[PDB]
Amino acid sequence: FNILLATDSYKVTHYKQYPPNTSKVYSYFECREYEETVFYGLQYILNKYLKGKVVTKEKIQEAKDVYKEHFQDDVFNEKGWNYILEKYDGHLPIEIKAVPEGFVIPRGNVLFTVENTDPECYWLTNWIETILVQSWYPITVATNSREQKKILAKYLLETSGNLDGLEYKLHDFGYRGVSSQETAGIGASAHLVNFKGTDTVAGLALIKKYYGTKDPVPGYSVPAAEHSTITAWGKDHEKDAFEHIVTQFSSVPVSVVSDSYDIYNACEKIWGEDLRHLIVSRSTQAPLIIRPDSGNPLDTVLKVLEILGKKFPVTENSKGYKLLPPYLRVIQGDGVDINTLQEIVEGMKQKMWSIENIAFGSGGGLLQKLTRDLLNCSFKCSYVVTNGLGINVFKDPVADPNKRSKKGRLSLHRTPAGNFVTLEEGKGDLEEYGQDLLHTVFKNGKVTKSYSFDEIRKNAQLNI
Amino acid sequence: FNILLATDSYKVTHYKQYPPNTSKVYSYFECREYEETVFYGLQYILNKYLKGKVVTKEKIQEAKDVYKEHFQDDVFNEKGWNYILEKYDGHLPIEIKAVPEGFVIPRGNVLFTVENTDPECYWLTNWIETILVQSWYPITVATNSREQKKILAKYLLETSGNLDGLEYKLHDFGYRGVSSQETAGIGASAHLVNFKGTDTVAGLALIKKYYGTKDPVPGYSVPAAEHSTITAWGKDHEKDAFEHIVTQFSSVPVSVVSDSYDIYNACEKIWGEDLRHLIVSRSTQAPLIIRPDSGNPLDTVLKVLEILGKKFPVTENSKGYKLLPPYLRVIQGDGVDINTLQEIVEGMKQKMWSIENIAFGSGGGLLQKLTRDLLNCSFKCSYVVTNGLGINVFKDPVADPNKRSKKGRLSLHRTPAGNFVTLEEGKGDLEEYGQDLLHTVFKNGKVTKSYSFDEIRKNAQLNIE
Ligand SMILES: CC(C)C(=O)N1CCC(c2ccc(NC(=O)n3cc4ccncc4c3)cc2)CC1
Ligand SMILES: CC(C)C(=O)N1CCC(c2ccc(NC(=O)n3cc4ccncc4c3)cc2)CC1
């Protein structure tokens, strides 16, 4: 990895565009204007890409040769990069202050600030915008996953007496549906801020390396079938496949995809009749989890529950909701996103089925179908010092007041009512709102403050 | 990187689930029935993750330790992985056949197939499904980028009579808007299959390392401002900022973001009056490229062109469309996706503005706002050998006929009319169609066939002339 080649091309030309004699460029990140966001992922970026010796003579030469061909011109700041290499042993003279990871903050607040610590490196602040703005992704995955946790908690509380098993109710199925191996690890780790169930193995190693947990692993899974393991037996042998799989995993929970040919026949005739003796004999710690994977998600879930309810002994909870026996559960892992999850739990509640009967698997909906526009994650310059005079800088486009940015030196505070406020124009210097909530997390090539994954999870907890 | 830890967790348990006495598991990838897709990205995956010694005693031990805690159980095929390590020096006994990269294939056709070459490794075919299915991303980016090139080509030909500059008309602005550094490189490389303009520097190194070009670089850019380089001068000094920047880059094209405070004032009064003398003196090879970045994308483009048309000399080309002077152009780099791109070029055509006046910059629309669902990229088992007997396997869910998968051994052929057909149930073995278009690209840990990036670009070319 070469940080000199890890920016938007036009940033290579910016050192020539700032006002002459600029000694300081100060910038910030916010989720402009999903009312609250989970701040997560900056520590990964700081450790993997920004800390230590990130500049070498070879990296400078490599960048110089690439940019000369890419621009068909010599515009690369070889002198500027050589200065960092010689003066600081290739360590970045930058200071980053950030809100603690896992913190849940309302939209429109400063989340982190960046500034150069050497006047010669005024151009460095925004060079690293590209790599830091990629924080949008773990922030957005963690926020969207926590918003789904709120729906699940609300319905699980209403339909049962409690929140038992909430941490396992939304399982990450997103490994194949993301854009890369690196994205799979980042996104799966962001989902693990809120839940404990994942099939995206890449998330485990990232948490272990960059954050750390008291427990050996941050996420868990159970044995499960896929269409190839059912269909490989042949169309007329679906029962044989099911019998083999549940006998192989007789003492652990086992998820079995049941829609290869006819989900309704599989539930009523195969599970409900032919193999019923192998299911009713299972332990409460080893249920069969039936997996539909096609059709209208709500209609399919309700019909599967009706079928199972007529074949297996159903009880009524203390809240008056129907409950399958403890050796039998369902997982809906097709077409699940925050909208369909809400439609399904509401549809189940209206048909008097407890949410303890169901779990959800989400792939693309959880990890891929997200963009930087969802939370309006943005990085902007708010303060510069030119000719030794500090000026409050901002954009304010005529046609879009939503794109207006903050002015001057920023700080995050607690209001008298305990809410959050971002003070602009260095107003935090007046001791009216107490102490700034942002902490220095990076300074001059070193990570100065870090958080464990257990601390992040505690910070990200729901009030409920 | 550890391939034993690079699969969906449940795949760790599948070796115990397949029918006993299974010696072959054969699977395929298709973009299930954007009528045609660009096949691109498999070569990256083969080289980075699948080739050579991918199994070591240390990787087996690390996997075993993680899975014991992840499952709270000892389900992990240690014998199976040790076998590959001992018999094959950790090289995968898999054969992958694929259509050549850059090939444009209608939907619902086999694009690649995977099978184990050793009977003991029947479980390995689908172990690597997760890693191979990630090819959905470069295929989708390249396809969606090509569909935008079709729109631009149609409108550029209609309003100007030629395709000059088409390859620089859609610039990649997506580096910050993607989910990771790895995604940035893959996605940027996929867009470069169709165009030559990028700011996502990451794509250059990926192409150089995994594909290669005769030219020193596959993508190009020009100097451009950002809001920080304009706003840093202060609100009352936007004209000074503009003046400094166009003077610094007087001999090359320069893009200047002009909406920091009031895009319309910047166009009419700053560029159009105060600094007009610095614009009209510029070379045809060094235009000023005005960049709006807010407001309704179509209304803004149209209003910017109407302002510039009243401040600068406008000509009428041979097609009857208005053309700004050659030293002045516009780039719309906000809210651009395939739908808004079509809306802007149609809107411009209705107002009699040539498409030679505009370029587009696309970020999230080009590289992030895409999912595996767009082309229904899917990997499924179609053939198995159990007790020495080959059986055609498939799924066919009652509630969704669109999720039905293909049966048996597959092959891809040219039809007599020059279209494509996927033959199922090993029917390709009859010599009724020409040669199978799928070629072996990987076998037993070796990449057996590679394509250069120049070959991929040629294969992905549009028909237009
Ligand atoms: C009370 C209990 C039964 C409960 O609610 N639990 C919550 C749910 C939990 C669970 C259920 C299923 C799966 N895996 C699958 O169904 N797979 C993994 C996949 C990955 C990718 N594509 C498809 C997949 C199918 C894992 C954990 C068991 C405990
Ligand atoms: C006829 C000529 C003028 C033409 O059509 N060309 C096609 C367009 C080409 C070009 C125009 C602009 C930019 N870059 C920018 O505007 N930047 C890069 C960014 C990256 C991320 N975010 C915001 C950005 C703003 C690069 C190349 C010049 C030649």
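The rules behind these values
- Residues numbered from 1 in each chain as written, not as in the entry; some residues may be left out.
- Chains lettered and ligands numbered in written order.
- Heavy atoms only, no water.
- Helix = DSSP H or I, 4+ residues; strand = E, 2+ residues; numbered from the N terminus.
- Buried < 20%, exposed > 50% of the residue type's maximum accessible area, 1.4 Å probe, protein only.
- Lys, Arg positive; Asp, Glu negative; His and termini not counted.
- Charge placed at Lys NZ, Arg CZ, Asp CG, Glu CD.
- Near = heavy atom within 4 Å.
- Polar contact = N/O pair within 3.5 Å; in protein donor to acceptor, adjacent residues only side chain to side chain.
- Areas by Shrake-Rupley, 256 points an atom, 1.4 Å probe, with all protein chains shown as cover.
- Contact = heavy atoms within 4.5 Å.
- UniProt positions renumbered as here; feature names shortened; annotations may be inferred.
- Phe/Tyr/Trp six-rings, centres within 6.5 Å; stacked < 30°, edge-to-face > 60°.
- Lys NZ or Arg CZ within 6 Å of the ring centre and 35° of its normal.
- Pairing = 2+ DSSP bridges.
- Axes fitted to C-alpha atoms, helices over the stretch in contact; angles between N-to-C directions.
- Salt bridge = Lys/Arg side-chain N within 4 Å of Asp/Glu carboxyl O.
- Nonpolar A, V, L, I, M, F, W, Y, C, P; charged D, E, K, R; others polar.

1. A few points about the overall build of chain B
If you tally the helices and strands in chain B, you get 16 helices and 18 strands. Counting only C-alpha atoms, chain B reaches 85 × 55 × 45 Å along its principal axes. Here chain B, with 465 residues, has 64% of them falling under the buried criterion. Distance between charge centres in chain B, computed from 55 positive and 59 negative side chains, equals 2 Å.

2. Some remarks on the site of ligand 1
Residues in contact with ligand 1 amount to 18 residues; listed here are only the nearest, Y168, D199, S255 and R291 of chain A together with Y10 of chain B. Taken together, the residues near ligand 1 originate from chains A and B. One nitrogen or oxygen atom from the side chain of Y10 of chain B is found 3.4 Å from a nitrogen atom belonging to ligand 1. When the free accessible area of ligand 1 is taken as 630 Å², the share hidden by the protein chains comes to 86%. Among the secondary structure elements, those contributing two or more residues to the shell around ligand 1 are strand 8 (288–291) and strand 11 (328–332) of chain A.

3. A short note on the side chain of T130 of chain A
Its place among the elements puts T130 of chain A in helix 5 (residues 129–133). Residue classification places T130 of chain A among the buried positions, given a relative accessible area of 0%. A polar contact of 2.8 Å, which involves the side chain of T130 of chain A, links it to the side chain of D8 of chain A. If we skip the residues at most four places from it in the chain, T130 of chain A touches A6, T7, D8 and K11 of chain A together with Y175 and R176 of chain B.

4. Some points on the environment of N82 of chain B
All names here are of chain B. By the element assignment, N82 lies in helix 3 (residues 78–88). Given a relative accessible area of 14%, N82 falls into the buried group. Residues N82 and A205, 123 residues apart in the sequence, show an inter-C-alpha distance of 35 Å.

5. Observations regarding the UniProt feature "binding site: diphosphate" in chain A
Residues annotated by UniProt as "binding site: diphosphate" correspond here to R176, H227 and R291 of chain A. Mapped onto the elements, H227 of chain A comes out in helix 9 (residues 227–231). With sequence-adjacent residues up to four places away left out, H227 of chain A is seen in contact with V257, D259, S260 and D293 of chain A together with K395 of chain B. Along the chain, the position of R291 of chain A falls in strand 8. What makes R291 of chain A buried here is its relative accessible area of 7%. With residues near it in sequence (within four places) discarded, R291 of chain A still touches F173, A225, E226, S255, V256, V257, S258, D259 and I331 of chain A together with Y10 of chain B.

6. Things to note about helix 7 (residues 181–191) of chain B
With respect to burial, helix 7 of chain B is a largely interior element, 11 of its 11 residues being buried. Taken together, the buried positions of helix 7 of chain B are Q181, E182, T183, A184, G185, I186, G187, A188, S189, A190 and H191 of chain B.

7. Thoughts on the packing of aromatic side chains
The tally for this structure, following the rule as stated, stands at 44 aromatic pairs over all chains. Centre to centre, the rings of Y67 of chain A and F71 of chain A are 6.1 Å apart; their planes meet at 40°, and the pair counts as tilted. Highlighted residues: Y67 of chain A and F71 of chain A, both in helix 2 (residues 57–71), separated by four residues, approximately one helical turn. Each member of the pair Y67 of chain A and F71 of chain A is classed as buried. For the pair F242 of chain B and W271 of chain B, a centre-to-centre distance of 4.3 Å together with 5° between the ring planes defines the contact as stacked. Highlighted residues: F242 of chain B in helix 10 (residues 238–248) and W271 of chain B in helix 11 (residues 263–274), separated in sequence by 29 residues. The pair formed by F242 of chain B and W271 of chain B is uniform in burial state, with each residue classed as buried. In this structure, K149 of chain A packs its charged tip against the face of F195 of chain A, placed 6.0 Å from the ring centre. For the cation-ring pair, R414 of chain A lies above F420 of chain A, with the distance from its terminal atom to the ring centre recorded as 4.3 Å.

8. A few points about helix 10 of chain B
Among the residues of helix 10 of chain B, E238, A241, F242, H244, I245 and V246 of chain B are the ones counted as buried. On the buried face of helix 10 of chain B, the contacting elements are helix 9 (227–231), strand 7 (254–257), helix 11, helix 12 (276–279) and strand 8 (288–291) of chain B.

9. Regarding the sheet that holds strand 8 of chain A
Residues and elements named next belong to chain A. Sheet architecture is open: five strands sit in the order 6-12-11-8-7, paired in parallel fashion. In the strand order of this sheet, the two ends are held by strand 6 (170–172) and strand 7 (254–257), each with one partner. With direction set aside, neighbouring strand axes in the sheet form an average angle of 30°. Lying over the sheet, helix 14 (residues 338–350) contacts strand 6, strand 11 and strand 12 (358–362), oriented at roughly 165° with respect to strand 12.

10. Focus on the pairing of strand 16 (residues 420–423) of chain A
Regular strands place side chains that alternate from one sheet face to the opposite one. Residue and element names in this part refer to chain A. Strand direction decides the pairing type here: strand 15 (residues 411–414) and strand 16, joined by four bridges, are antiparallel. What sits directly across from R414, in strand 16, is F420. Two successive antiparallel strands, strand 15 and strand 16, enclose a turn made up of five residues, where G418 displays a positive phi of approximately 80°.

11. Some details on the interface of chain A and chain B
Listed by partner, the interface residues are 100 residues for chain A and 101 residues for chain B. Connecting chain A to chain B are eight salt bridges. The partner of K403 of chain A in a salt bridge is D334 of chain B, and the shortest N-O contact between them spans 2.8 Å. Summed over the shared surface of chain A and chain B, the number is 62 residue pairs in polar contact. Taken together, the residues that form the side of chain A that touches chain B break down as 48 nonpolar, 30 polar and 22 charged.

12. Section: the sheet that holds strand 8 of chain B
All names here are of chain B. The five strands lie next to each other as 6-12-11-8-7, forming an open sheet whose pairing is parallel. If you trace the sheet from one side to the other, it starts and ends with strand 6 (170–172) and strand 7, each paired once. Here the average twist between neighbouring strands, direction ignored, is 30°. Of the pairings in the sheet, the one linking strand 11 (residues 328–332) to strand 12 (residues 358–362) comprises three bridges and is parallel in character. For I331, the partnering residue across the bridge sits in strand 12 and is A359.

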